[PDB]
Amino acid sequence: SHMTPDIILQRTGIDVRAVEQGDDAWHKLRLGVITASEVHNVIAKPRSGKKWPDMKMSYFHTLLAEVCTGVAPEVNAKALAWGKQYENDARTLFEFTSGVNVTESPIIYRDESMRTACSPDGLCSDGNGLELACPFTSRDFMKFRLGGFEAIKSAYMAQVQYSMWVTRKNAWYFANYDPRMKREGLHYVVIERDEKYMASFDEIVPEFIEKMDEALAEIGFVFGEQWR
């Protein structure tokens, strides 16, 4: 909103625009930041009471750990490698099927505070963003192919809605790709901006940030240390 490339450079020493999604600089820029693919944890509610669910508390401590250590752990598994492997082919096939042009984007922060950001799978020539998924199980691709909007995983929905909150955009493509499918290997939908989600982020996210600052202060740390 008042975010500028210079602010990023002065705080992190990193030139945004030169960041090629997945490189050392990209990992560095996400440290301690409430990000799209993880925000489902922030909006998670107890079924009774007000006590934070374990998944919310776990993400809370994960972000704080990133601030105080200045690092994030690396995990590897077949499903993760699969998604990484076919992302490029998914995007190309999406462009060919939909007829829209996709531009790759590095991280996008909501504002100058750098507390909140998303890393879109692409930005489209029609003003929509793009999220791709390449399910490791053909089962889960089939679930999306047959069910569509109502079949979308709640984590992906929170991720897509958060991306619209961050970028101030109004619509986001959600595409699934399976290279193993003989036919019908690509399926996508358009997810509209949901103001119920926007209201939820406007309420829960700033409170999550204040809670983090309180926690950092208790232990003698301050947000930003991960970048110095």
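Each residue number is its position in the shown sequence, starting from 1.
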| item | value |
| --- | --- |
| Per the entry, higher mean C-alpha B factor between 197-205 and 32-40 | 197-205 |
| 179-187 versus 55-63 - which carries the larger mean C-alpha B factor in the record | 179-187 |
| Highest-ranked of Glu74, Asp111, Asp140, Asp121 once sorted by CA temperature factor in the record | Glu74 |
| Residue with maximal Cα B-factor (values as given in the PDB entry) among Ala90, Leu80, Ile152, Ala158 | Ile152 |
| Within-chain third of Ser48 by Cα B-factor, per the entry | highest |
| Relative C-alpha B-factor of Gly147, binned into the chain's lowest, middle or highest third | highest |
| Relative C-alpha B-factor of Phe136, binned into the chain's lowest, middle or highest third | lowest |
